[PDB]
Amino acid sequence: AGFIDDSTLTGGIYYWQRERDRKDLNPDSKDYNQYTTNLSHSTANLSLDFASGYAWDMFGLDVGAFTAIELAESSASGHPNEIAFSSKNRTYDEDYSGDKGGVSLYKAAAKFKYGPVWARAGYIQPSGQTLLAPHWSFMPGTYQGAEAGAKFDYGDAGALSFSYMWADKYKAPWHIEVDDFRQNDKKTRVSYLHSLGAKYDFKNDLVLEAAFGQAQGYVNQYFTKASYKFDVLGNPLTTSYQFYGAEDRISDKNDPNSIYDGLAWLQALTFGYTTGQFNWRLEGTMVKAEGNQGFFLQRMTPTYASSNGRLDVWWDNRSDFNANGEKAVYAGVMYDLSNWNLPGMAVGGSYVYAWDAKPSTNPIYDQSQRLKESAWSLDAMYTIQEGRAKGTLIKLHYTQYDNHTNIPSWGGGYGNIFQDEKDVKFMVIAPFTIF
Ligand SMILES: CCCCCCCCOCCOCCOCCOCCO
Ligand SMILES: [Ca+2]
Ligand SMILES: [Ca+2]
Ligand SMILES: [Ca+2]
């Protein structure tokens, strides 16, 4: 046992091919009503990760890097596509002008263990109980910072986990260099993000989680979750209630750095149910997000790509369904084809219906607007089950998204809503072990 004995060297080959076409309702467009190219690219990633063992069972090191390789990109494809690297190397230099290949050092961390306590420092991903999170493409984003936590297992009485994380820079996986954190104006600095959270597992399928976070001088962020599982008619019903909240520290609602008025939140209820080869999902969300921004963010810095935060609800139906006032219901099914002697293969689909979405409360926007949006998707996926390629994911995802207004994308006070789309994503994720 130790630094070398327990070392691993692993990697990944990743392939992404996407066609996303979006209806253009920009008033002066020559292609008004047409589904023009929004994304059209073919891109690979390659990753390699060294993870040491623990010298003296207390000290180790992880180093990971990845490259992006561009096979094809239409001149009309938008930027950044989040699989290649943005042509701009840091968060706040983003101008949406290009994508490129490159290489990024995405993990470079000292790791520590001392009794029940653990820590990681350097270029790290959040790994404990806080509400800080990386963005995920094929690879995760990278914080410059440190996290420490502990776990106390009380056996029958349950297990407690908690951790604290602090960071002063970040890069999304589409940026090669870390940037600092700033307010909405992309100028006023935010000297750190930090977060504290906890989890208690009662060992009877009840799990409680909670976390608090701050962007220095700017945003307070909240998370709570209760999860439970029990049988309904002989089959497991999994349930969760989730609360996500945020407030800024700029009360003046017309200040350009004010993003929320009072407390903003996203609340969710989820149910999952398995019957034979079918896995069913029924989920719903509701949002309050008064203020200039007009939608809820799980991340504590508002600028695109600038950080991320924990959000357990993911419907893969293109829209975030997170506008001020918006309510949304999701229904989905996946069918395991093992009984057709296609083990590892699954197919499914899903549907979202959302309504009551309101714009930003900034008075320059028409406050009478109420927006509905809906979507459906289809899924086909295979996980290879034997051979050197065991664990490889091959997946095709297809979405039709419908914005039930004529508002041009990102317009009308709906700064996070875009127009109708057809989206086709094909991906291969092939992990491999060197030692
Ligand atoms: C310590 C973990 C607690 C997780 C359970 C959710 C409690 C979060 O409360 C936030 C405020 O919620 C507003 C009230 O909404 C109705 C409550 O929904 C069901 C609560 O289980
Ligand atoms: Ca380019
Ligand atoms: Ca405010
Ligand atoms: Ca429409």
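X-ray crystallography is the method the PDB entry states for this structure, with the resolution given as 1.8500 Å.

**Student:** Any chance you could explain the environment of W410 here in plain terms?
**Tutor:** Tracing the backbone shows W410 in the loop between β23 (393-403) and β24 (421-433). With near-sequence residues (within four places) excluded, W410 lies in contact with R22, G415, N416, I417 and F418.

**Student:** Just to check I follow, could you spell out the environment of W118 for this structure?
**Tutor:** Here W118 is to be found in strand β7 (residues 117-124). Excluding residues that lie within four positions of it along the chain, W118 makes contacts with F112, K113, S127, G128, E147, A148, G149, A150 and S163.

**Student:** Explanation requested: the coordination of the calcium ion (ligand 4) in the structure shown.
**Tutor:** Six octahedral donors around a metal ideally make angles of 90 or 180 degrees; four tetrahedral donors ideally make 109.5 degrees. With distances of 2.3 to 2.6 Å, the protein atoms coordinating the calcium ion (ligand 4) are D402 (OD), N403 (O), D420 (OD) and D420 (OD). Site description for the calcium ion (ligand 4): donor spacing in sequence, D-N-x16-D. Of this pair, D402 sits in strand β23 while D420 sits in the loop between β23 and β24, placing them 18 residues apart in sequence. Its relative accessible area of 29% is what places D402 among the partly exposed residues. Looking at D420, the relative accessible area reads 5%, which means it is buried.

**Student:** What am I meant to see in the site of ligand 1 here?
**Tutor:** Around ligand 1, the structure places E209, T224, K225, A226, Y241 and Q267. Contact between ligand 1 and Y241: an oxygen atom at 3.2 Å from a side-chain N or O atom of the residue. Burial of ligand 1 by the protein chains amounts to 44% of its free accessible area of 550 Å². Of the residues forming the shell around ligand 1, the biggest block, three residues, is contributed by strand β15 (residues 219-232). Considering only residue class, the shell around ligand 1 consists of two nonpolar, two polar and two charged.

Quick notes on the rules
- Residues numbered from 1 in each chain as written, not as in the entry; some residues may be left out.
- Chains lettered and ligands numbered in written order.
- Heavy atoms only, no water.
- Residues with missing side-chain atoms left out of burial classes, pairs and counts.
- Helix = DSSP H or I, 4+ residues; strand = E, 2+ residues; numbered from the N terminus.
- Contact = heavy atoms within 4.5 Å.
- Donors = N, O, S within 2.8 Å, 3.2 Å for Na, K, Ca; no water.
- Buried < 20%, exposed > 50% of the residue type's maximum accessible area, 1.4 Å probe, protein only.
- Near = heavy atom within 4 Å.
- Polar contact = N/O pair within 3.5 Å; in protein donor to acceptor, adjacent residues only side chain to side chain.
- Areas by Shrake-Rupley, 256 points an atom, 1.4 Å probe, with all protein chains shown as cover.
- Nonpolar A, V, L, I, M, F, W, Y, C, P; charged D, E, K, R; others polar.

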